[PDB]
Amino acid sequence: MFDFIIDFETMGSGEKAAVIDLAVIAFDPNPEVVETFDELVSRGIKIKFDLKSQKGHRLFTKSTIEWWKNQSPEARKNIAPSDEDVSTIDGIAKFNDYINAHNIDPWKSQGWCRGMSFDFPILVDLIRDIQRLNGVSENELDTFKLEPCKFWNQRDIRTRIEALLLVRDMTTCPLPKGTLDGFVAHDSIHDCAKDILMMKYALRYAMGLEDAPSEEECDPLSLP
Amino acid sequence: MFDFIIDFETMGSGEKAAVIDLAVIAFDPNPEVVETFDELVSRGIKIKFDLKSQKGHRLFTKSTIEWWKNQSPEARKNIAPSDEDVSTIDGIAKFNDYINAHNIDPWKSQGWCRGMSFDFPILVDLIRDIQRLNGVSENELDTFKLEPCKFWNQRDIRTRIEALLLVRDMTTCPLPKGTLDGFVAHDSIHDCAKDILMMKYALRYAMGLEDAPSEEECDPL
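Next up, the structure:
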């Protein structure tokens, strides 16, 4: 059994946010197992959505567009159109392909996320669109049996690392030096692999397994 | 300088959920400050909304309506019309009054709930209806300076307790006996006080300021 992590990049803020892409990775929650950054990145996939066709169906927030215009061209690499794009319907199918293929348990597995009240509300709204497409009215939607985890198995990464590390507003975990090696800046799959590694070390630290690094000894990409 | 906690009871499960009542308690996050159940309960408020007035504005989901049909007539007594009912605008003003009078810092305080992806999305939407009332359009809604806490200072209770106790899927914490004396089942404010109590003790337990019993208030369970 695996847990998974999701990340959206969005052009809006509500649950009806227009979505740029989606990254998901299925990691092994065992505190003894420590998977490396390389095969965490290799194991995950990024789903890229076509912006132009979400017009009139999902929402683009002026607040968020202003934000993206103040982002380096490396960051704005994500949003630029592509031949790899998919419809939100096609994107959610690729997402369920990934979930079923990576030993995710409908009842026991947990879905991690940094911003739990941001990501999953978009995930669920994309899922109910398969049913809206089916003609199901908005009061008769029911996705209980269609979600990658049970709503009480959703989990928030900031809460977890703060609790694991017992420092108020401590939402990133220092790592050992050079595990950051290979990291590239504005990659969604690199974000998820950092956050999984930070959670594992946090968990390994809190139990008595490993030594928290010295500021000389920790990868600079980890401290924020 | 406090934190706070919120709890919604709803007739639906998206951010347009019709809202039955809202419960908020401000609370001291210092682990050396252990506050009594009776003390928290009287510090909270419950805002109760008019369901009829939300019809055609908020969402009444059939599965949630069925679920309230299977609940006891004591729990179901929550959803009956009252003379203490407020429109959803009125309620959010009452929400903002309480946050403004209880030592909440807009930048450093933390906001808590069970199912962070259920309670906060509803609350922010009710905030956005302040902006929708001011004539703002959807692509221009922006509630950053209105929200009781910055979105990154939000916190999930199930993640907290489970990560304080270091036990998978353990999201309630055992309490020393007599703590929850006065607890009542279908009560929003009591649920919030219990959650504030189980998080503070879990932190006490995780910090080793106090040893967790095997002989608890029978209510933690």
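Respectively, the protein sequence lines represent chains B and A. Heads up, the first sequence is in the authors' numbering, so the first residue is 1 and it goes up one at a time. Heads up, the second sequence is in the authors' numbering, so the first residue is 1 and it goes up one at a time. Each residue gets a CB set at the ideal place from its N, CA and C atoms; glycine is no exception.
Are there 16 or more other CB atoms within 10 angstroms of the CB of residue i, so buried, or fewer, so exposed?
i, result
"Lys145 of chain A", "exposed"
"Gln71 of chain A", "exposed"
"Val19 of chain A", "buried"
"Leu209 of chain A", "exposed"
"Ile122 of chain B", "buried"
"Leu133 of chain A", "exposed"
"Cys218 of chain A", "exposed"
"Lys200 of chain A", "buried"
"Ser214 of chain B", "exposed"
"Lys77 of chain B", "exposed"
Based on Cα-Cα distance, which residue from the options lies nearest to residue i?
i, options, result
"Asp83 of chain B", "B:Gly14, B:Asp50, B:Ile157", "B:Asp50"
"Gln154 of chain A", "A:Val124, A:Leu164, A:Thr172", "A:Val124"
"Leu203 of chain A", "A:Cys218, A:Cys192, A:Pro174", "A:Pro174"
"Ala193 of chain B", "B:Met11, B:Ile92, B:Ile157", "B:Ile157"
"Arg58 of chain B", "A:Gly182, A:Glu138, A:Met199, A:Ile161", "A:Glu138"
"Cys113 of chain A", "A:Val86, A:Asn30, A:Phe151", "A:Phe151"
"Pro106 of chain B", "B:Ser87, B:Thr143, B:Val136, B:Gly135", "B:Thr143"
"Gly14 of chain B", "A:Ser109, A:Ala93, A:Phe118", "A:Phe118"
"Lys16 of chain B", "B:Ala26, B:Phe60, B:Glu9, B:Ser42", "B:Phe60"
"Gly115 of chain A", "A:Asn30, A:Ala26, A:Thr159, A:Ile47", "A:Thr159"
"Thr179 of chain B", "B:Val136, B:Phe95, B:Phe37", "B:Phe37"
"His102 of chain B", "B:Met207, B:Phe27, B:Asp181", "B:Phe27"
"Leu141 of chain B", "B:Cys149, B:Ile127, B:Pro148", "B:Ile127"
"residue 273 of chain A", "A:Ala163, A:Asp21, A:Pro29, A:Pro73", "A question about residue 273 of chain A goes unanswered here, because the residues of chain A that appear run from 1 up to 221."
"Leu22 of chain A", "A:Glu147, A:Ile5, A:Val33", "A:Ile5"
"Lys52 of chain A", "A:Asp195, A:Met170, A:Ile79, A:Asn100", "A:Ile79"
Tell me the rounded alpha-carbon separation between residue i and residue j.
i, j, result
"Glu35 of chain B", "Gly111 of chain A", "33 Å"
"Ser188 of chain A", "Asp3 of chain B", "31 Å"
"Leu197 of chain A", "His190 of chain A", "10 Å"
"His186 of chain A", "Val24 of chain A", "15 Å"
"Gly91 of chain A", "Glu66 of chain B", "32 Å"
"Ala212 of chain A", "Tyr205 of chain A", "6 Å"
"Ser63 of chain B", "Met11 of chain B", "9 Å"
"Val184 of chain A", "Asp129 of chain A", "33 Å"
"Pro220 of chain B", "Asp7 of chain B", "23 Å"
"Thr88 of chain B", "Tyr98 of chain A", "40 Å"
"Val86 of chain A", "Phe120 of chain A", "20 Å"
"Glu9 of chain A", "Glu216 of chain B", "50 Å"
"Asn96 of chain B", "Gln131 of chain A", "36 Å"
"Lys94 of chain A", "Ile47 of chain A", "8 Å"
"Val41 of chain B", "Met207 of chain A", "35 Å"
"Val136 of chain A", "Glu147 of chain A", "17 Å"
"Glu39 of chain A", "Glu32 of chain A", "16 Å"
Could you have a look at residue i and say whether DSSP puts it in helix, strand or coil?
i, result
"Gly111 of chain B", "strand"
"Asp90 of chain B", "helix"
"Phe2 of chain B", "strand"
"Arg168 of chain A", "coil"
"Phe37 of chain A", "helix"
"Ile79 of chain B", "coil"
"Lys46 of chain A", "strand"
"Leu175 of chain A", "coil"
"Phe118 of chain A", "helix"
"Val124 of chain A", "helix"
"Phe95 of chain B", "helix"
"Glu216 of chain A", "strand"
"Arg160 of chain B", "helix"
"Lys55 of chain A", "strand"
"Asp187 of chain B", "coil"
"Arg204 of chain B", "helix"
"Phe60 of chain B", "coil"
"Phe8 of chain B", "strand"
"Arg155 of chain A", "strand"
"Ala193 of chain B", "helix"
"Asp129 of chain A", "helix"
"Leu146 of chain A", "coil"
"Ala26 of chain B", "strand"
"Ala17 of chain A", "strand"
Determine the chain B residues that contact residue i at a beta-carbon separation under 7 Å, and present them in chain order.
i, result
"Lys62 of chain A", "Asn139, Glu140"
"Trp152 of chain A", "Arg158"
Taking residue i as the query, report the chain B residues whose CB atoms sit under 8 Å from its CB, ordered along the chain.
i, result
"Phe120 of chain A", "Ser117"
"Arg43 of chain A", "The premise fails here: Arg43 of chain A is roughly 22 Å from chain B at the closest Cβ pair, so nothing lies under 8 Å."
Name the chain B residues that come within less than 9 Å of residue i, Cβ to Cβ?
i, result
"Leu221 of chain A", "Those within 9 Å of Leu221 of chain A in chain B number zero; the least Cβ separation is about 16 Å."
"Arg132 of chain A", "Near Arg132 of chain A there are no residues of chain B at all, since even the closest Cβ is about 12 Å away, more than 9 Å."
Identify the contact partners of residue i in chain A, using a Cβ-Cβ distance below 9 Å as the criterion.
i, result
"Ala75 of chain B", "The contacting residues do not exist; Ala75 of chain B stays about 19 Å from chain A at best."
"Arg204 of chain B", "What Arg204 of chain B touches in chain A: nothing, since even the nearest Cβ is about 11 Å away."
Quick one: which chain A residues come within Cβ less than 8 Å of residue i?
i, result
"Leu164 of chain B", "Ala163"
Quick one: list the residues of chain A neighbouring residue i, beta-carbon separation under 7 Å, in chain order.
i, result
"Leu59 of chain B", "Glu138, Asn139"
"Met207 of chain B", "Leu166"
Hey, is residue i's beta-carbon within less than 8 Å of any beta-carbon in chain C?
i, result
"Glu15 of chain B", "Judged by its chain identifiers, the structure shown contains no chain C, and its protein chains are B and A."
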